[PDB]
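**Student:** Chains as they are written, first to last, in PDB author numbering: chain A, 1 to 297; chain A', 51 to 149; chain A'', 150 to 248; chain B, 10 to 254; chain C, 1 to 242; chain C', 1 to 242; chain C'', 1 to 49; chain D, 12 to 69; chain D', 12 to 69. A prime marks a further copy of an entry chain.
A single structure is presented below for examination.
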Amino acid sequence: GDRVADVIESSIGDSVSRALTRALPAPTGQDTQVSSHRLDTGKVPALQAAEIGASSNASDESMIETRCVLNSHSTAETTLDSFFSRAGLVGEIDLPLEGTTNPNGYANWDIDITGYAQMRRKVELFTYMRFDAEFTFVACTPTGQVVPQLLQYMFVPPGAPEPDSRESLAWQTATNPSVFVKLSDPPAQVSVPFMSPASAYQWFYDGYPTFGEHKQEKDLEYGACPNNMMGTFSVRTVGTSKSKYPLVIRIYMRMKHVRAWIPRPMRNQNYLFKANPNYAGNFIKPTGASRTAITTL
Amino acid sequence: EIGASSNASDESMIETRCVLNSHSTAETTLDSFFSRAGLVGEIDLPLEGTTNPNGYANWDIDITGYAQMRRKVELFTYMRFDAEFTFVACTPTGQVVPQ
Amino acid sequence: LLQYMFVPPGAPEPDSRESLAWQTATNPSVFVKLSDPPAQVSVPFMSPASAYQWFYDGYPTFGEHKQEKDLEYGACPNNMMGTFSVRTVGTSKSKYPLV
Amino acid sequence: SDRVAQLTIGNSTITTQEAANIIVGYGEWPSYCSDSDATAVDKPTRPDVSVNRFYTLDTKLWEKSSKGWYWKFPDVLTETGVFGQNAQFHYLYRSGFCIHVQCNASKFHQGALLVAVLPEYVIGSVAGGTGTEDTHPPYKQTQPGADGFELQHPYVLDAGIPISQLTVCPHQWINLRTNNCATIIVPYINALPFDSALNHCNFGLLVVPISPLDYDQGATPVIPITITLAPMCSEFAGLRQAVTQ
Amino acid sequence: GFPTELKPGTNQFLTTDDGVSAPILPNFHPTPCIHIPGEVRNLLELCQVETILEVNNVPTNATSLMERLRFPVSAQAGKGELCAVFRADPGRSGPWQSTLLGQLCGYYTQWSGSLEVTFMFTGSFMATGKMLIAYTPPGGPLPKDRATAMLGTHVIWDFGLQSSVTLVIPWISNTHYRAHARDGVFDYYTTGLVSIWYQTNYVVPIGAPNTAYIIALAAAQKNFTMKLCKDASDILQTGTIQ
Amino acid sequence: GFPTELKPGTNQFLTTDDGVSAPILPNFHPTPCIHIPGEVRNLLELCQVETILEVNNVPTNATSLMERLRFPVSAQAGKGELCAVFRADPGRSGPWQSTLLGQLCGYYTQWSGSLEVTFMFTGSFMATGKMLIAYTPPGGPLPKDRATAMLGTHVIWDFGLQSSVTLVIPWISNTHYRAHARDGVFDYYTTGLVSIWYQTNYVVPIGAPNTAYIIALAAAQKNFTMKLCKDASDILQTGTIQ
Amino acid sequence: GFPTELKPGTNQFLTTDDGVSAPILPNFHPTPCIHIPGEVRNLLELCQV
Amino acid sequence: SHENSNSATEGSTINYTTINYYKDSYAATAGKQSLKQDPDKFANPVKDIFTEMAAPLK
Amino acid sequence: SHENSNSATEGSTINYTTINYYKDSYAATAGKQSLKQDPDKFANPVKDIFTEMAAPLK
Ligand SMILES: CCCCCCCCCCCCC/C=C/[C@H](O)[C@H](N)CO
Ligand SMILES: CCCCCCCCCCCCC/C=C/[C@H](O)[C@H](N)CO
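Here it is, written out as structure tokens:
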């Protein structure tokens, strides 16, 4: 009844092998002879050599422990977490008593990396990443003087509406987690989990309840001014009215549990915009400091 | 079909889940539903006026203060839960005072 | 509020309050109000050898005795090594003298 | 498969003989691949054959004034190329590949190329003043054709990424001096378990002549470049639309 | 005082936390709860209990509210026209907004709004005829004829002895739902559709009525789950709630 | 209250620390990460992957940007002159600034910028000739002739069937890099050098081209390590980044 | 908050004390000290030379 | 016990496991040397073989 | 030991037990996998039986 079938795409033989646990290296190799050692014997100069092997005080004997330096410091400040060590000042939200920047107390901010070009440079060596997040908040007057006042913080998950006015019920809500603390108290250490809808951070169609990706016909990547609905922040001044002091809030983001994938060449042009790595195609520049000649330095 | 249950039932040679461990998969229980703590009471004390002139202010537990909370809580007939409360006091302009 | 920061050897010198070296990411910094208890802190062994000894140990350039390729000046901060920096937190001046 | 099916020609412009040049690393089709997982109410299937043979798209010519060319995937798997009979209907796609590049020249020519595959190679366009943050990504540039497209500024890779550090990705050095073969294998690379048939274009293939082509007068002034590919382990499924019959 | 350390995270207040509580009445023992049946263990098992679904949601008045639930299958045209179509979006608008599955979807962000359905026929006893039910996968246009809809996936109903049919929807996830860094820039949303076609005319012996009514059900099964608890936003208020 | 002690280190804030965090969303389980290939384990294994290196970094315009990478070996003089020289400083300026090893060195203070290199020849097929490659240890002057450079350490290349050569640099640490208690007083910096000498003239049969091009590579191995994580300082900004 | 007690000795500062320190640079490993001769163990053995 | 990724899928085998603990005695996600699912260090039968003499057939 | 509901009555068998503990090492009311009164997972003798052939008597 059935007359057609073909898949193949297989190989047979030495696929796998025995199962052991021997994580200790042993003397490997020795020597082998070739020919008459000469300088200009005719074929090739500058001949080679070989060794046998040894691994610290573990492998082979442990009679003498003569390391290069008598235990100066640690030798592993190169991992991914080590690279992503500090916590840079990402957010610099400013609240005046009166003015045009933030008159109604409310101030909306969202997570991004383009705020720091250096941070973007350091973070765009790869394609796929997966990390947690933390945040710390410091509030001070422009002249640096603590005052008695209460503040309201809240995190906004992706796709949640935007609280615009102080009277917005989104301030009340129940689902958006909120934090209350006086500014005289120590800063508000807090963590944020991995909120992406995939296994790695990558933009395109990931935001908005509607469609997305390239070549729009059914969606706008605008969402008014808050483009790319994602994890944002909100902050008020607690009170039925205005406050009595100017405020200068600050943010401190810090990665943790960092894992990368697929490295790529870093960058050799100045950044121009957000979410669109353009460059100065008419003002293309070299990379290193060029010298005069090649024969001389 | 026949049947299989994760890496427990049958073999455990390969563990190919749908997503490489994105997050937890149990944010649906009753407690998960009743997660946040909503602002139920908004008692207001003026220095002088008509609302609460004599300092005292009486309030009682209820749910009708929030229609959304009542909607969420009236899906059933019988319930049995504990309770907690937290209190925050501030001036209308938001300035702590010694009292 | 005050801002403290440690500067490892060979790092640039923050001269003005507007210097981005104040911002940085690599120089560890400490923030604490002065009304709080003092800021206890530790500093590891930062020398490039197995013991403290001057001569050619500072500057990205050369050093030691009989200079021909380097100056042990580095402007005023001679012998670039572990230094400290301190500001007054604020977009402007402060209201009190400090010691 | 084999070397025949519809396209049976096995002799290019130089009409070469004396065996072939492949230089195999793996052991003759090292097994099948996986199926992964999902998190929705969708599930794909397999088309088996009719995509298991070889394909040889058009040959682009190398000259002294050349700058380099690039390709996008799976743009050439669609109607933009030889195929296009089972590429625009379904919704999900995923496959490995067996890409082979064969050049040809006499013993009197000089120059050297460079092949490289850059996953998620999103072009930043020519830019240079075309102020665009997020309005409308182009379709007339990112999908040139099965012929590829000549680069504008190879040093910055027409995106701003330096050409010097390219060798991080898998790569071979096409050198006119000694050999003419280039075989590369690229597995599936995507964050999501399965890709779409739309603007989620996978890795792009780059070919840049670093060592310029040169010769003496009287010889052949142009050297052809052949491109062949083999879609190991491909799938196709997914479709739902308006009035059906 | 004690060999402790000042903690740079205290003195604050979180709304989604827990910790050492404080009982106020020590001398207390609440009434021991006896086993009353109908104890619900999870917010699920409400997402797969059958609930009737409105499709003919044309009327908006008060008296005619009834026929929002069922639709006619009378015998006027019976060869190749369409009965009704809809989407598969649970918590946006339209049909699923009326059932319980959509009502529960209105409390999360990761939904399906899919899987098995059921159609119950109310023909008298002597009605015969065949209906064509087809499903269109996401990212596809609805067929312009019955032949095109016949392709892909479909099922042919009948009225002889069926009185029921349970089509099931598959589940597929390929693209990005919403990756808005800001709102008002992206409007790209699409979903598969379901259609009903008159296969053959509605046969009836002389004496039986002409118009019947097909009802529709809705449910799910144990594959998909809801996620990302977000606060529901509604208008189910009147302001004056004394 | 409790039998504790007041702690004279709390209430402060450190930027390079860790401690008891505070999750905000308990009901959450992020997507389980499947095994996607190309997972990088350490910032290393980028410091020994071959990357082409520019030496003829004379041009500074836009069109002529290409030949910064390779240099000519044409046959005009072929007995005893010099081709090109450079230093071994990774993260200061010049050649290594263009490769990936120097780019990674620009993030630390304890570097080497050394070890094996590679040269790939692009002669047509029929070019013969011998090149002299020599390395000068630190604290030494570059030889004024080919004979002096021949001494010490060196290697003689050829074009018959080589098409490649991999010289390796040793690693030596004797003096003090920078012991500046203040800047502007010390300017004593030096490093070994590498030179290329025309051993014999560039032979070619009548019919082949005259000028060829040698390319150069760069990599390391598993001996040296980077240290003292310091913040990189650059100018890769434009101010206007909307 | 916790079942603790207010401690009537904290908040002060002593000049001849010790306690929980605070390192600033986690990614660090100072040079491993090799055995250089002439290591002095105690302020004594200078009082009888 | 042990969880494959977290709930049903595969891929986060030795990547993500468990969740968290109290604010004083907490932990994280990692792997140990004992009590694994399966050690992946089993291969490398050949290590040095013959020095040079492989196959001078041509 | 074990309490039936809390004092005398029945119904809160595996619902409410014990009260509380200190402010640092506390607990709540739940059930375990070992040390029960009686496991209630004992039923289901039949699981698949004959495929279709039950009783075509009419
Ligand atoms: C829509 C913005 C990017 C457009 C495409 C350009 C490059 C595509 C791949 C990189 C962009 C997404 C992948 C993640 C990159 C960075 O690591 C993320 N911003 C992490 O925060
Ligand atoms: C350049 C300053 C010293 C010039 C040489 C004079 C004496 C040389 C040996 C002593 C100076 C370096 C060795 C260390 C001495 C003191 O213990 C260090 N300052 C420790 O802080």
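Ideal Cβ positions, reconstructed from N, Cα and C, are used throughout, including at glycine.
Who are the Cβ neighbours of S72 of chain A in its own chain at under 7 Å, not counting the five residues just before and after it?
**Tutor:** Contacts found: none.
**Student:** Taking Cβ-Cβ distances shorter than 9 Å, what residues in chain C pair up with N55 of chain D'?
**Tutor:** Chain C residues near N55 of chain D': none, gap ~18 Å exceeds 9 Å.
**Student:** Could you spell out the range, first to last residue, of the beta strand (DSSP E) harbouring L100 of chain C?
**Tutor:** Where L100 of chain C is concerned, there is no enclosing beta strand (DSSP E), although the alpha helix (DSSP H) it sits in stretches over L100 to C105.
**Student:** How long is the line joining the alpha carbons of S16 of chain D' and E5 of chain C'', rounded to whole angstroms?
**Tutor:** Cα to Cα, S16 of chain D' sits roughly 37 Å from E5 of chain C''.
**Student:** Answer yes or no: does any C-beta atom of chain D fall closer than 8 Å to that of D11 of chain B?
**Tutor:** By this cut-off, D11 of chain B is not an interface position.
**Student:** For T78 of chain A, which of C':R68, C':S93, C':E45 and C':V73 has the nearest alpha-carbon?
**Tutor:** Considering only alpha carbons, the answer is C':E45.
**Student:** Have a look at A'':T237, A'':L247 and A'':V156 and flag the residue whose alpha-carbon is nearest the alpha-carbon of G144 of chain A.
**Tutor:** Ranking A'':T237, A'':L247 and A'':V156 by Cα distance to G144 of chain A puts A'':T237 first.
**Student:** Looking at the unbroken alpha helix (DSSP H) that takes in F137 of chain A, where does it start and where does it end?
**Tutor:** Note, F137 of chain A: premise wrong, no alpha helix (DSSP H); beta strand (DSSP E) at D132 to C140.
**Student:** How many Å lie between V126 of chain B and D2 of chain A at the Cα?
**Tutor:** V126 of chain B and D2 of chain A: Cα-Cα distance of roughly 41 Å.
**Student:** Counting only the same chain and skipping the five closest in sequence on each side, list residues whose C-beta sits under 7 Å from that of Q221 of chain C.
**Tutor:** Closer than 7 Å at the Cβ level, and outside the excluded window around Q221 of chain C, lie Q48, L115 and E116.
**Student:** Between which two residues does the alpha helix (DSSP H) carrying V123 of chain A extend?
**Tutor:** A117 to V123 is the extent of the alpha helix (DSSP H) around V123 of chain A.
**Student:** Indicate whether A232 of chain C and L53 of chain C have their beta-carbon atoms separated by less than 8 Å.
**Tutor:** No, the Cβ-Cβ distance between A232 of chain C and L53 of chain C is not below 8 Å.
**Student:** Looking at the structure shown, is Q110 of chain C part of a helix, part of a strand, or coil, going by DSSP?
**Tutor:** Note: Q110 of chain C maps to coil in three-state DSSP.
**Student:** Quick check on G152 of chain C - is its C-beta less than 8 Å from some C-beta in chain C''?
**Tutor:** Not an interface residue.
**Student:** Just curious, the beta strand (DSSP E) that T148 of chain C is in, first and last residue?
**Tutor:** Per DSSP, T148 of chain C belongs to no beta strand (DSSP E); it is in the alpha helix (DSSP H), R146 to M150.
**Student:** Taking the beta strand (DSSP E) that residue 268 of chain B falls in, what are its first and last residues?
**Tutor:** Shown here, chain B extends from 10 to 254; a query on residue 268 of chain B therefore has no answer.
**Student:** Determine the chain C' residues that contact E5 of chain C at a beta-carbon separation under 8 Å, and present them in chain order.
**Tutor:** By Cβ distance, chain C' contributes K7, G9 and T10.
**Student:** DSSP three-state call for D84 of chain B: helix, strand or coil?
**Tutor:** If DSSP states are grouped into helix, strand and coil, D84 of chain B belongs with the helices.
**Student:** Would DSSP call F83 of chain A helix, strand or coil?
**Tutor:** Note: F83 of chain A maps to helix in three-state DSSP.
**Student:** Return the CA-CA distance between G94 of chain C and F155 of chain A, expressed in angstroms with no decimal places.
**Tutor:** Roughly 31 Å separates the two Cα atoms.
**Student:** Which residues are close to ligand 1, meaning CB closer than 6 Å to any heavy atom, in chain order?
**Tutor:** Those residues, listed in chain order, are A:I113, A:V123, A:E124, A:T127, A:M129, A:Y201, A:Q202, A:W203, A:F204, A:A275, A:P277, B:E129 and B:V131.
**Student:** Looking only at DSSP bridge pairs, what is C107 of chain B linked to?
**Tutor:** Answer is B:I194.
**Student:** Measure the alpha-carbon distance for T31 of chain C versus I30 of chain D' and round it to whole angstroms.
**Tutor:** So the two alpha carbons sit approximately 14 Å from each other.
**Student:** Report, in whole angstroms, the separation of the C-beta atoms of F83 of chain A and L43 of chain C', which I expect to be a contact under 8 Å.
**Tutor:** Correct: roughly 6 Å between the Cβ atoms.
**Student:** Considering only their Cβ atoms, is the gap separating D51 of chain B from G247 of chain B smaller than 8 Å?
**Tutor:** Yes; because the gap between Cβ atoms is below 8 Å, this pair is in contact.
**Student:** What separation, rounded to the nearest whole angstrom, lies between the Cα atoms of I241 of chain C' and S199 of chain A?
**Tutor:** Near 28 Å, if we compare the C-alpha coordinates of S199 of chain A and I241 of chain C'.
**Student:** Tell me, please, which residues DSSP counts as bridged to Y153 of chain A.
**Tutor:** According to DSSP, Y153 of chain A bridges with A:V179 and A:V235.
**Student:** Using a Cβ cut-off of 7 Å, pull out every chain A'' residue sitting near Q145 of chain A, in sequence order please.
**Tutor:** Result: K244.
**Student:** From the beta carbon of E67 of chain C', is the nearest beta carbon of chain A less than 8 Å away?
**Tutor:** Taking Cβ atoms only, chain A never reaches closer than 8 Å to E67 of chain C', which makes this a no.
**Student:** Bridge partners for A260 of chain A per DSSP, in chain order?
**Tutor:** In the DSSP output, where bridge partners are listed per residue, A260 of chain A has A:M129 and C':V40.
**Student:** From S23 of chain D to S43 of chain B, what distance separates their C-alpha atoms?
**Tutor:** Whole-angstrom Cα-Cα distance: 16 Å.
**Student:** Report the CB separation of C68 of chain A' from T54 of chain B in whole angstroms; it is logged as a contact under 8 Å.
**Tutor:** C68 of chain A' to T54 of chain B, Cβ: 17 Å. No contact.
**Student:** Can you tell me the Cα-Cα spacing of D94 of chain A' and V147 of chain A', whole angstroms?
**Tutor:** When rounded, the distance between both Cα atoms is 16 Å.
**Student:** In the structure shown, what three-state DSSP assignment does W197 of chain C receive?
**Tutor:** If DSSP states are grouped into helix, strand and coil, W197 of chain C belongs with the strands.
**Student:** With which residues is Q119 of chain B paired in a DSSP beta bridge?
**Tutor:** In DSSP, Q119 of chain B forms a bridge with B:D223.
**Student:** Using DSSP's beta-bridge definition, name the partner residues of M120 of chain C'.
**Tutor:** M120 of chain C' is bridged to C':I215.
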